[PDB]
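Below: structure-v1.cif (mmCIF, N, CA and C atoms)
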```
data_my_file
#
loop_
_atom_site.group_PDB
_atom_site.id
_atom_site.type_symbol
_atom_site.label_atom_id
_atom_site.label_comp_id
_atom_site.auth_asym_id
_atom_site.auth_seq_id
_atom_site.Cartn_x
_atom_site.Cartn_y
_atom_site.Cartn_z
ATOM 1 N N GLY A 613 191.951 105.797 29.540
ATOM 2 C CA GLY A 613 192.420 105.597 28.154
ATOM 3 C C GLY A 613 192.029 106.770 27.277
ATOM 4 N N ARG A 614 192.362 106.732 25.986
ATOM 5 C CA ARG A 614 191.885 107.808 25.077
ATOM 6 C C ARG A 614 190.594 107.322 24.411
ATOM 7 N N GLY A 615 189.455 107.952 24.724
ATOM 8 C CA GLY A 615 188.162 107.484 24.184
ATOM 9 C C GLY A 615 187.359 108.586 23.516
ATOM 10 N N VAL A 616 186.870 108.337 22.296
ATOM 11 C CA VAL A 616 186.005 109.336 21.601
ATOM 12 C C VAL A 616 184.560 108.840 21.686
ATOM 13 N N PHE A 617 183.664 109.626 22.289
ATOM 14 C CA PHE A 617 182.273 109.146 22.505
ATOM 15 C C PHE A 617 181.352 109.675 21.405
ATOM 16 N N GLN A 618 180.579 108.781 20.783
ATOM 17 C CA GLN A 618 179.644 109.181 19.698
ATOM 18 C C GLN A 618 178.276 108.569 20.008
ATOM 19 N N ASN A 619 177.201 109.104 19.421
ATOM 20 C CA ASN A 619 175.855 108.497 19.613
ATOM 21 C C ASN A 619 175.852 107.095 18.994
ATOM 22 N N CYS A 620 175.319 106.090 19.698
ATOM 23 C CA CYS A 620 175.387 104.698 19.167
ATOM 24 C C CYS A 620 174.067 103.949 19.384
ATOM 25 N N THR A 621 174.115 102.613 19.409
ATOM 26 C CA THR A 621 172.889 101.777 19.541
ATOM 27 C C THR A 621 172.564 101.510 21.013
ATOM 28 N N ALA A 622 171.693 100.533 21.289
ATOM 29 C CA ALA A 622 171.345 100.156 22.682
ATOM 30 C C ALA A 622 171.936 98.778 23.001
ATOM 31 N N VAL A 623 172.962 98.347 22.259
ATOM 32 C CA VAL A 623 173.525 96.969 22.426
ATOM 33 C C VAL A 623 174.053 96.760 23.851
ATOM 34 N N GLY A 624 173.810 95.577 24.426
ATOM 35 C CA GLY A 624 174.309 95.245 25.776
ATOM 36 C C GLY A 624 173.199 95.191 26.810
ATOM 37 N N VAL A 625 173.336 94.308 27.806
ATOM 38 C CA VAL A 625 172.306 94.156 28.880
ATOM 39 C C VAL A 625 172.253 95.424 29.742
ATOM 40 N N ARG A 626 173.397 96.093 29.966
ATOM 41 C CA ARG A 626 173.498 97.343 30.784
ATOM 42 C C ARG A 626 173.701 96.991 32.265
ATOM 43 N N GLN A 627 173.687 95.700 32.607
ATOM 44 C CA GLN A 627 173.970 95.290 34.009
ATOM 45 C C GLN A 627 175.402 95.718 34.344
ATOM 46 N N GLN A 628 176.332 95.538 33.401
ATOM 47 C CA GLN A 628 177.728 96.005 33.614
ATOM 48 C C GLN A 628 178.042 97.090 32.580
ATOM 49 N N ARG A 629 178.490 98.266 33.032
ATOM 50 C CA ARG A 629 178.881 99.342 32.083
ATOM 51 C C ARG A 629 180.078 98.862 31.259
ATOM 52 N N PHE A 630 181.037 98.192 31.906
ATOM 53 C CA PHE A 630 182.260 97.728 31.201
ATOM 54 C C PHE A 630 181.894 96.668 30.159
ATOM 55 N N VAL A 631 182.531 96.719 28.986
ATOM 56 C CA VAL A 631 182.294 95.698 27.922
ATOM 57 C C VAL A 631 183.641 95.390 27.259
ATOM 58 N N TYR A 632 183.829 94.160 26.772
ATOM 59 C CA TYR A 632 185.095 93.783 26.092
ATOM 60 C C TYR A 632 184.793 93.281 24.678
ATOM 61 N N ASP A 633 185.743 93.460 23.758
ATOM 62 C CA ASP A 633 185.576 92.983 22.359
ATOM 63 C C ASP A 633 186.425 91.722 22.177
ATOM 64 N N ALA A 634 186.769 91.032 23.276
ATOM 65 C CA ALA A 634 187.645 89.829 23.256
ATOM 66 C C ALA A 634 189.107 90.282 23.206
ATOM 67 N N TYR A 635 189.341 91.590 23.349
ATOM 68 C CA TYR A 635 190.719 92.146 23.361
ATOM 69 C C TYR A 635 190.805 93.124 24.535
ATOM 70 N N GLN A 636 192.016 93.491 24.962
ATOM 71 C CA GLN A 636 192.176 94.360 26.161
ATOM 72 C C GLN A 636 191.480 95.710 25.947
ATOM 73 N N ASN A 637 191.518 96.256 24.728
ATOM 74 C CA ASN A 637 190.786 97.524 24.457
ATOM 75 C C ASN A 637 189.294 97.289 24.721
ATOM 76 N N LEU A 638 188.608 98.267 25.314
ATOM 77 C CA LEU A 638 187.187 98.060 25.700
ATOM 78 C C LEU A 638 186.269 98.944 24.853
ATOM 79 N N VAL A 639 185.141 98.395 24.391
ATOM 80 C CA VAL A 639 184.145 99.209 23.631
ATOM 81 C C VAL A 639 183.649 100.305 24.577
ATOM 82 N N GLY A 640 183.465 99.968 25.857
ATOM 83 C CA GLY A 640 183.050 100.967 26.863
ATOM 84 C C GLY A 640 181.733 101.642 26.528
ATOM 85 N N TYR A 641 180.746 100.891 26.032
ATOM 86 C CA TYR A 641 179.404 101.485 25.797
ATOM 87 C C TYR A 641 178.709 101.704 27.147
ATOM 88 N N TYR A 642 177.668 102.544 27.194
ATOM 89 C CA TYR A 642 177.006 102.889 28.484
ATOM 90 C C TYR A 642 178.031 103.522 29.432
ATOM 91 N N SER A 643 178.907 104.387 28.906
ATOM 92 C CA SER A 643 179.926 105.064 29.753
ATOM 93 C C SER A 643 179.227 105.930 30.804
ATOM 94 N N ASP A 644 178.183 106.663 30.404
ATOM 95 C CA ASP A 644 177.399 107.473 31.376
ATOM 96 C C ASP A 644 176.543 106.524 32.220
ATOM 97 N N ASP A 645 176.166 106.939 33.433
ATOM 98 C CA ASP A 645 175.421 106.019 34.334
ATOM 99 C C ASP A 645 174.094 105.625 33.678
ATOM 100 N N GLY A 646 173.373 106.593 33.101
ATOM 101 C CA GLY A 646 172.116 106.281 32.392
ATOM 102 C C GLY A 646 172.269 106.361 30.884
ATOM 103 N N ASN A 647 173.029 107.344 30.390
ATOM 104 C CA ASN A 647 173.171 107.551 28.923
ATOM 105 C C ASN A 647 174.065 106.469 28.306
ATOM 106 N N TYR A 648 173.868 106.180 27.016
ATOM 107 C CA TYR A 648 174.714 105.183 26.311
ATOM 108 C C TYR A 648 175.756 105.942 25.487
ATOM 109 N N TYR A 649 177.039 105.805 25.836
ATOM 110 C CA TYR A 649 178.117 106.452 25.038
ATOM 111 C C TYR A 649 179.226 105.437 24.754
ATOM 112 N N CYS A 650 179.589 105.275 23.478
ATOM 113 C CA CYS A 650 180.611 104.264 23.098
ATOM 114 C C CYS A 650 181.930 104.971 22.761
ATOM 115 N N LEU A 651 183.010 104.639 23.479
ATOM 116 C CA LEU A 651 184.325 105.303 23.254
ATOM 117 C C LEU A 651 185.023 104.714 22.022
ATOM 118 N N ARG A 652 185.983 105.450 21.451
ATOM 119 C CA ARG A 652 186.712 104.989 20.238
ATOM 120 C C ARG A 652 188.214 105.201 20.450
ATOM 121 N N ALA A 653 189.054 104.514 19.670
ATOM 122 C CA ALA A 653 190.525 104.622 19.825
ATOM 123 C C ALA A 653 190.990 106.038 19.467
ATOM 124 N N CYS A 654 192.105 106.483 20.056
ATOM 125 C CA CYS A 654 192.630 107.850 19.788
ATOM 126 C C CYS A 654 192.990 107.979 18.305
ATOM 127 N N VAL A 655 192.660 109.121 17.693
ATOM 128 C CA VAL A 655 192.998 109.354 16.259
ATOM 129 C C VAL A 655 194.523 109.401 16.116
ATOM 130 N N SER A 656 195.068 108.702 15.117
ATOM 131 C CA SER A 656 196.530 108.749 14.858
ATOM 132 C C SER A 656 196.757 109.082 13.380
ATOM 133 N N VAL A 657 197.683 109.997 13.083
ATOM 134 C CA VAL A 657 197.893 110.433 11.670
ATOM 135 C C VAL A 657 199.201 109.824 11.155
ATOM 136 N N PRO A 658 199.195 109.043 10.053
ATOM 137 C CA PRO A 658 200.440 108.511 9.496
ATOM 138 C C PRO A 658 201.372 109.645 9.044
ATOM 139 N N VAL A 659 202.659 109.551 9.392
ATOM 140 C CA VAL A 659 203.656 110.594 8.999
ATOM 141 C C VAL A 659 204.771 109.916 8.199
ATOM 142 N N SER A 660 205.163 110.499 7.062
ATOM 143 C CA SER A 660 206.274 109.943 6.245
ATOM 144 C C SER A 660 207.197 111.086 5.812
ATOM 145 N N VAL A 661 208.478 110.799 5.564
ATOM 146 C CA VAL A 661 209.413 111.853 5.064
ATOM 147 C C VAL A 661 210.147 111.345 3.820
ATOM 148 N N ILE A 662 210.265 112.185 2.785
ATOM 149 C CA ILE A 662 211.056 111.797 1.579
ATOM 150 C C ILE A 662 212.347 112.625 1.590
ATOM 151 N N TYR B 18 174.650 90.729 67.624
ATOM 152 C CA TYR B 18 173.952 89.918 66.592
ATOM 153 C C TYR B 18 172.532 90.460 66.398
ATOM 154 N N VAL B 19 171.783 89.903 65.441
ATOM 155 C CA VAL B 19 170.423 90.442 65.136
ATOM 156 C C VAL B 19 169.358 89.377 65.419
ATOM 157 N N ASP B 20 168.316 89.732 66.179
ATOM 158 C CA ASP B 20 167.195 88.782 66.409
ATOM 159 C C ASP B 20 165.955 89.335 65.701
ATOM 160 N N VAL B 21 165.499 88.659 64.642
ATOM 161 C CA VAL B 21 164.311 89.127 63.865
ATOM 162 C C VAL B 21 163.043 89.040 64.721
ATOM 163 N N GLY B 22 162.875 87.956 65.484
ATOM 164 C CA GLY B 22 161.629 87.768 66.254
ATOM 165 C C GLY B 22 161.818 86.862 67.457
ATOM 166 N N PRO B 23 160.886 86.864 68.435
ATOM 167 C CA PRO B 23 161.021 86.054 69.650
ATOM 168 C C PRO B 23 160.975 84.546 69.366
ATOM 169 N N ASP B 24 161.665 83.751 70.189
ATOM 170 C CA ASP B 24 161.718 82.278 69.985
ATOM 171 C C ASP B 24 160.315 81.682 70.147
ATOM 172 N N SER B 25 160.003 80.626 69.389
ATOM 173 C CA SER B 25 158.642 80.025 69.426
ATOM 174 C C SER B 25 158.333 79.485 70.827
ATOM 175 N N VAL B 26 157.090 79.656 71.285
ATOM 176 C CA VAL B 26 156.690 79.195 72.649
ATOM 177 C C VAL B 26 155.972 77.843 72.546
ATOM 178 N N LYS B 27 155.923 77.246 71.350
ATOM 179 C CA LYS B 27 155.165 75.978 71.166
ATOM 180 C C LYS B 27 155.779 74.894 72.058
ATOM 181 N N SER B 28 154.943 74.135 72.774
ATOM 182 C CA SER B 28 155.451 73.105 73.721
ATOM 183 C C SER B 28 156.213 72.004 72.974
ATOM 184 N N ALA B 29 155.683 71.551 71.833
ATOM 185 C CA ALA B 29 156.330 70.460 71.067
ATOM 186 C C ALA B 29 156.269 70.770 69.568
ATOM 187 N N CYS B 30 157.266 70.316 68.805
ATOM 188 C CA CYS B 30 157.280 70.530 67.332
ATOM 189 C C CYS B 30 156.170 69.697 66.677
ATOM 190 N N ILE B 31 155.646 70.151 65.534
ATOM 191 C CA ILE B 31 154.511 69.453 64.851
ATOM 192 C C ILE B 31 154.950 68.064 64.365
ATOM 193 N N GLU B 32 154.064 67.066 64.476
ATOM 194 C CA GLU B 32 154.369 65.684 64.010
ATOM 195 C C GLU B 32 154.542 65.677 62.486
ATOM 196 N N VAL B 33 155.524 64.922 61.981
ATOM 197 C CA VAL B 33 155.792 64.862 60.511
ATOM 198 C C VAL B 33 155.729 63.402 60.046
ATOM 199 N N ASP B 34 155.073 63.140 58.910
ATOM 200 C CA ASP B 34 155.007 61.764 58.344
ATOM 201 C C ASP B 34 155.890 61.709 57.093
ATOM 202 N N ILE B 35 156.782 60.717 57.009
ATOM 203 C CA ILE B 35 157.729 60.644 55.856
ATOM 204 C C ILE B 35 157.421 59.406 55.011
ATOM 205 N N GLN B 36 157.062 59.587 53.734
ATOM 206 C CA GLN B 36 156.882 58.417 52.829
ATOM 207 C C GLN B 36 157.694 58.670 51.555
ATOM 208 N N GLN B 37 158.753 57.886 51.335
ATOM 209 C CA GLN B 37 159.632 58.080 50.148
ATOM 210 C C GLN B 37 158.893 57.747 48.849
ATOM 211 N N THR B 38 158.096 56.672 48.832
ATOM 212 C CA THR B 38 157.467 56.218 47.560
ATOM 213 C C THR B 38 156.530 57.281 46.975
ATOM 214 N N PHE B 39 155.689 57.905 47.806
ATOM 215 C CA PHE B 39 154.709 58.892 47.281
ATOM 216 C C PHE B 39 155.463 60.083 46.687
ATOM 217 N N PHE B 40 156.509 60.543 47.377
ATOM 218 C CA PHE B 40 157.312 61.698 46.896
ATOM 219 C C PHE B 40 158.029 61.349 45.588
ATOM 220 N N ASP B 41 158.550 60.125 45.469
ATOM 221 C CA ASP B 41 159.357 59.768 44.270
ATOM 222 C C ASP B 41 158.507 59.868 43.000
ATOM 223 N N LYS B 42 159.044 60.506 41.954
ATOM 224 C CA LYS B 42 158.334 60.638 40.653
ATOM 225 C C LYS B 42 159.375 60.435 39.548
ATOM 226 N N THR B 43 158.956 60.050 38.339
ATOM 227 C CA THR B 43 159.945 59.952 37.231
ATOM 228 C C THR B 43 159.733 61.095 36.233
ATOM 229 N N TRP B 44 160.596 62.117 36.261
ATOM 230 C CA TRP B 44 160.523 63.217 35.261
ATOM 231 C C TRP B 44 161.929 63.490 34.713
ATOM 232 N N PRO B 45 162.143 63.504 33.379
ATOM 233 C CA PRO B 45 163.455 63.797 32.801
ATOM 234 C C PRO B 45 163.617 65.193 32.175
ATOM 235 N N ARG B 46 164.565 65.990 32.684
ATOM 236 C CA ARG B 46 164.846 67.326 32.084
ATOM 237 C C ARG B 46 166.358 67.509 31.901
ATOM 238 N N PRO B 47 166.976 66.961 30.830
ATOM 239 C CA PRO B 47 168.410 67.136 30.585
ATOM 240 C C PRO B 47 168.779 68.590 30.252
ATOM 241 N N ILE B 48 169.947 69.046 30.716
ATOM 242 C CA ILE B 48 170.410 70.439 30.436
ATOM 243 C C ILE B 48 170.648 70.587 28.931
ATOM 244 N N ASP B 49 170.251 71.721 28.346
ATOM 245 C CA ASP B 49 170.538 71.962 26.906
ATOM 246 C C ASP B 49 171.383 73.232 26.764
ATOM 247 N N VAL B 50 172.550 73.126 26.120
ATOM 248 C CA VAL B 50 173.415 74.318 25.867
ATOM 249 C C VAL B 50 172.691 75.269 24.911
ATOM 250 N N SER B 51 171.988 74.712 23.919
ATOM 251 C CA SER B 51 171.254 75.547 22.930
ATOM 252 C C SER B 51 170.197 76.376 23.660
ATOM 253 N N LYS B 52 169.576 75.780 24.683
ATOM 254 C CA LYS B 52 168.527 76.500 25.458
ATOM 255 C C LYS B 52 169.201 77.333 26.554
ATOM 256 N N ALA B 53 170.529 77.226 26.692
ATOM 257 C CA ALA B 53 171.293 78.007 27.697
ATOM 258 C C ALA B 53 170.761 77.734 29.109
ATOM 259 N N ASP B 54 170.422 76.475 29.404
ATOM 260 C CA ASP B 54 169.901 76.106 30.746
ATOM 261 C C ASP B 54 171.014 76.232 31.792
ATOM 262 N N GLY B 55 170.710 76.813 32.957
ATOM 263 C CA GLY B 55 171.694 76.904 34.056
ATOM 264 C C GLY B 55 172.981 77.614 33.670
ATOM 265 N N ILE B 56 172.894 78.685 32.877
ATOM 266 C CA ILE B 56 174.128 79.381 32.399
ATOM 267 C C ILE B 56 174.225 80.757 33.066
ATOM 268 N N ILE B 57 175.403 81.098 33.599
ATOM 269 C CA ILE B 57 175.574 82.381 34.343
ATOM 270 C C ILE B 57 176.328 83.384 33.462
ATOM 271 N N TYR B 58 175.794 84.602 33.320
ATOM 272 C CA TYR B 58 176.466 85.665 32.526
ATOM 273 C C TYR B 58 177.782 86.046 33.215
ATOM 274 N N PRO B 59 178.876 86.353 32.481
ATOM 275 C CA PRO B 59 180.116 86.790 33.125
ATOM 276 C C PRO B 59 179.888 88.080 33.925
ATOM 277 N N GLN B 60 180.277 88.094 35.202
ATOM 278 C CA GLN B 60 180.007 89.282 36.057
ATOM 279 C C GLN B 60 180.974 90.417 35.700
ATOM 280 N N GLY B 61 182.155 90.088 35.168
ATOM 281 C CA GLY B 61 183.169 91.128 34.900
ATOM 282 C C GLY B 61 182.754 92.156 33.860
ATOM 283 N N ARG B 62 182.182 91.730 32.726
ATOM 284 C CA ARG B 62 181.882 92.700 31.635
ATOM 285 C C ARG B 62 180.686 92.259 30.788
ATOM 286 N N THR B 63 180.018 93.206 30.119
ATOM 287 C CA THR B 63 178.939 92.851 29.157
ATOM 288 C C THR B 63 179.616 92.449 27.842
ATOM 289 N N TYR B 64 178.889 91.794 26.932
ATOM 290 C CA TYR B 64 179.489 91.447 25.617
ATOM 291 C C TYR B 64 178.578 91.869 24.460
ATOM 292 N N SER B 65 179.172 92.152 23.297
ATOM 293 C CA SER B 65 178.400 92.613 22.112
ATOM 294 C C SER B 65 177.916 91.422 21.281
ATOM 295 N N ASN B 66 177.496 91.664 20.035
ATOM 296 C CA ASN B 66 176.931 90.592 19.167
ATOM 297 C C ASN B 66 177.974 89.493 18.916
ATOM 298 N N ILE B 67 179.267 89.816 19.009
ATOM 299 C CA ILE B 67 180.339 88.819 18.705
ATOM 300 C C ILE B 67 180.236 87.628 19.667
#
```

Rewrite the structure from the file as structure tokens, please.
Amino acid sequence: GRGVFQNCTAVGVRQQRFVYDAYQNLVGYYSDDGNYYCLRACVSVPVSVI
Amino acid sequence: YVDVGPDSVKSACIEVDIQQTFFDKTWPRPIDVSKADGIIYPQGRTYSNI
């Protein structure tokens, strides 16, 4: 998926790297095997024309 | 197949005495959802504060 990783908290047991927010998109914290990295949705820019 | 150790050479199995009344005891421990008794974490994914 498109994920932006930023420094975050220690939330989660860490037994499973995969995490869900009750929706198909995944928080994906603990992306690194030992390090904690939380991914974010791809940046999208609104475009309009007059 | 795997054999951990040699079969026992004892001539006869040890004598066993069975008494149901002595073993029987009255103790009550009902399951509590608030205490999360006997609850298994989902193996598929970790979950956040939500």

For the structure provided, state which residues fall under the PyMOL selection byres (((chain B and resi 66 and name CA) around 10) and name CA), and present them as a JSON list (two decimals) with N, CA and C atoms, keeping the file's coordinate frame.
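Everything below was put into result-v1.json:
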```json
[["chain", "number", "residue", "atom", "x", "y", "z"],
["A", 623, "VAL", "N", 172.96, 98.35, 22.26],
["A", 623, "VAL", "CA", 173.52, 96.97, 22.43],
["A", 623, "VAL", "C", 174.05, 96.76, 23.85],
["A", 624, "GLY", "N", 173.81, 95.58, 24.43],
["A", 624, "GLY", "CA", 174.31, 95.24, 25.78],
["A", 624, "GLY", "C", 173.20, 95.19, 26.81],
["A", 633, "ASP", "N", 185.74, 93.46, 23.76],
["A", 633, "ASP", "CA", 185.58, 92.98, 22.36],
["A", 633, "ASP", "C", 186.42, 91.72, 22.18],
["B", 64, "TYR", "N", 178.89, 91.79, 26.93],
["B", 64, "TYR", "CA", 179.49, 91.45, 25.62],
["B", 64, "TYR", "C", 178.58, 91.87, 24.46],
["B", 65, "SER", "N", 179.17, 92.15, 23.30],
["B", 65, "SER", "CA", 178.40, 92.61, 22.11],
["B", 65, "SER", "C", 177.92, 91.42, 21.28],
["B", 67, "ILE", "N", 179.27, 89.82, 19.01],
["B", 67, "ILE", "CA", 180.34, 88.82, 18.70],
["B", 67, "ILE", "C", 180.24, 87.63, 19.67]]
```

Taking all atoms listed in the file into account, produce a table as CSV in which each residue of chain A with an atom at most 6 Å from an atom of chain B appears once, together with its shortest atom pair and the distance in Å to one decimal, ordered by chain and rising number.
```
residue,atom,partner,partner_atom,distance
A:624,CA,B:64,C,5.6
A:625,N,B:63,CA,5.9
A:628,C,B:63,N,5.0
A:629,C,B:63,N,5.8
A:630,C,B:63,N,3.9
A:631,CA,B:63,N,4.0
A:632,N,B:63,C,4.7
```

Provide the atom C of residue 652 in chain A to atom N of residue 636 in chain A distance in Å, to one decimal place. 13.1 Å

Give me the result of the PyMOL selection byres ((chain A and resi 621) around 8) on this file, residue by residue, as number ranges by chain. A: 618-620, 622-624, 648-650

Just to confirm, what's the straight-line distance from CA of residue 42 in chain B to CA of residue 56 in chain B in Å (one decimal)? 25.9 Å

For a test of reading the model, state the distance in Å between atom N of residue 45 in chain B and atom C of residue 57 in chain B, rounded to one decimal. 24.4 Å

Test item: residues at most 8 Å from residue 655 in chain A, all atoms listed in the file, excluding those fewer than 5 positions along its chain, as a PDB file with N, CA and C atoms, in the coordinates of the input:
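Contents of the output file result-v2.pdb:
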```pdb
ATOM      1  N   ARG A 614     192.362 106.732  25.986  1.00  0.00           N
ATOM      2  CA  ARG A 614     191.885 107.808  25.077  1.00  0.00           C
ATOM      3  C   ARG A 614     190.594 107.322  24.411  1.00  0.00           C
ATOM      4  N   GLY A 615     189.455 107.952  24.724  1.00  0.00           N
ATOM      5  CA  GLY A 615     188.162 107.484  24.184  1.00  0.00           C
ATOM      6  C   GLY A 615     187.359 108.586  23.516  1.00  0.00           C
ATOM      7  N   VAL A 616     186.870 108.337  22.296  1.00  0.00           N
ATOM      8  CA  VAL A 616     186.005 109.336  21.601  1.00  0.00           C
ATOM      9  C   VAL A 616     184.560 108.840  21.686  1.00  0.00           C
TER      10      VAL A 616
END
```

Taking only chain B into account, list the residues labelled helix (DSSP H, G or I) by DSSP (computed from the backbone), as JSON, numbers by chain. {"B": [37, 38, 39, 40]}

Need the axis-aligned box for range 644-648 of chain A with 3 Å each side, so what are the centre and edges in Å to one decimal, as JSON?
```
{"center_x": 175.1, "center_y": 106.4, "center_z": 29.9, "size_x": 12.1, "size_y": 8.4, "size_z": 14.8}
```

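Distances to residue 642 in chain A were evaluated for A:659, A:654, A:613, A:626 using all atoms listed in the file, and the minimum falls at A:626.
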
Extract range 634-647 of chain A from the preceding block and save N, CA, C and O atoms as a PDB file, in the first residue's frame.
```pdb
ATOM      1  N   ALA A 634     -10.352  -1.361  12.604  1.00  0.00           N
ATOM      2  CA  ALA A 634     -11.766  -1.777  12.402  1.00  0.00           C
ATOM      3  C   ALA A 634     -12.160  -1.502  10.948  1.00  0.00           C
ATOM      4  O   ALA A 634     -13.352  -1.657  10.619  1.00  0.00           O
ATOM      5  N   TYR A 635     -11.186  -1.117  10.118  1.00  0.00           N
ATOM      6  CA  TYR A 635     -11.436  -0.863   8.675  1.00  0.00           C
ATOM      7  C   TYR A 635     -10.323  -1.562   7.891  1.00  0.00           C
ATOM      8  O   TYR A 635      -9.296  -1.890   8.510  1.00  0.00           O
ATOM      9  N   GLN A 636     -10.508  -1.769   6.585  1.00  0.00           N
ATOM     10  CA  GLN A 636      -9.513  -2.530   5.780  1.00  0.00           C
ATOM     11  C   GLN A 636      -8.145  -1.836   5.813  1.00  0.00           C
ATOM     12  O   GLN A 636      -7.130  -2.557   5.843  1.00  0.00           O
ATOM     13  N   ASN A 637      -8.114  -0.499   5.806  1.00  0.00           N
ATOM     14  CA  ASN A 637      -6.813   0.215   5.920  1.00  0.00           C
ATOM     15  C   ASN A 637      -6.161  -0.174   7.252  1.00  0.00           C
ATOM     16  O   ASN A 637      -6.889  -0.295   8.255  1.00  0.00           O
ATOM     17  N   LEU A 638      -4.841  -0.365   7.263  1.00  0.00           N
ATOM     18  CA  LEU A 638      -4.163  -0.853   8.494  1.00  0.00           C
ATOM     19  C   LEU A 638      -3.258   0.237   9.073  1.00  0.00           C
ATOM     20  O   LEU A 638      -2.564   0.903   8.284  1.00  0.00           O
ATOM     21  N   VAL A 639      -3.273   0.409  10.399  1.00  0.00           N
ATOM     22  CA  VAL A 639      -2.357   1.388  11.057  1.00  0.00           C
ATOM     23  C   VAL A 639      -0.926   0.924  10.771  1.00  0.00           C
ATOM     24  O   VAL A 639      -0.060   1.789  10.537  1.00  0.00           O
ATOM     25  N   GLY A 640      -0.696  -0.393  10.794  1.00  0.00           N
ATOM     26  CA  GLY A 640       0.633  -0.947  10.469  1.00  0.00           C
ATOM     27  C   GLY A 640       1.736  -0.424  11.371  1.00  0.00           C
ATOM     28  O   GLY A 640       2.824  -0.141  10.847  1.00  0.00           O
ATOM     29  N   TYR A 641       1.477  -0.294  12.675  1.00  0.00           N
ATOM     30  CA  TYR A 641       2.560   0.104  13.613  1.00  0.00           C
ATOM     31  C   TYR A 641       3.516  -1.080  13.807  1.00  0.00           C
ATOM     32  O   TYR A 641       3.114  -2.207  13.455  1.00  0.00           O
ATOM     33  N   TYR A 642       4.732  -0.835  14.310  1.00  0.00           N
ATOM     34  CA  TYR A 642       5.754  -1.913  14.432  1.00  0.00           C
ATOM     35  C   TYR A 642       6.042  -2.504  13.046  1.00  0.00           C
ATOM     36  O   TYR A 642       6.174  -3.739  12.944  1.00  0.00           O
ATOM     37  N   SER A 643       6.124  -1.653  12.016  1.00  0.00           N
ATOM     38  CA  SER A 643       6.418  -2.133  10.640  1.00  0.00           C
ATOM     39  C   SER A 643       7.800  -2.791  10.610  1.00  0.00           C
ATOM     40  O   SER A 643       7.928  -3.864   9.987  1.00  0.00           O
ATOM     41  N   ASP A 644       8.790  -2.176  11.265  1.00  0.00           N
ATOM     42  CA  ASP A 644      10.145  -2.785  11.351  1.00  0.00           C
ATOM     43  C   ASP A 644      10.086  -3.962  12.330  1.00  0.00           C
ATOM     44  O   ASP A 644       9.203  -3.951  13.208  1.00  0.00           O
ATOM     45  N   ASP A 645      10.995  -4.932  12.192  1.00  0.00           N
ATOM     46  CA  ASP A 645      10.921  -6.146  13.049  1.00  0.00           C
ATOM     47  C   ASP A 645      11.071  -5.743  14.519  1.00  0.00           C
ATOM     48  O   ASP A 645      10.288  -6.249  15.347  1.00  0.00           O
ATOM     49  N   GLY A 646      12.029  -4.862  14.829  1.00  0.00           N
ATOM     50  CA  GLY A 646      12.192  -4.376  16.214  1.00  0.00           C
ATOM     51  C   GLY A 646      11.700  -2.950  16.386  1.00  0.00           C
ATOM     52  O   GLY A 646      11.090  -2.663  17.435  1.00  0.00           O
ATOM     53  N   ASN A 647      11.946  -2.087  15.395  1.00  0.00           N
ATOM     54  CA  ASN A 647      11.574  -0.649  15.510  1.00  0.00           C
ATOM     55  C   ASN A 647      10.058  -0.469  15.373  1.00  0.00           C
ATOM     56  O   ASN A 647       9.415  -1.314  14.721  1.00  0.00           O
TER      57      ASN A 647
END
```
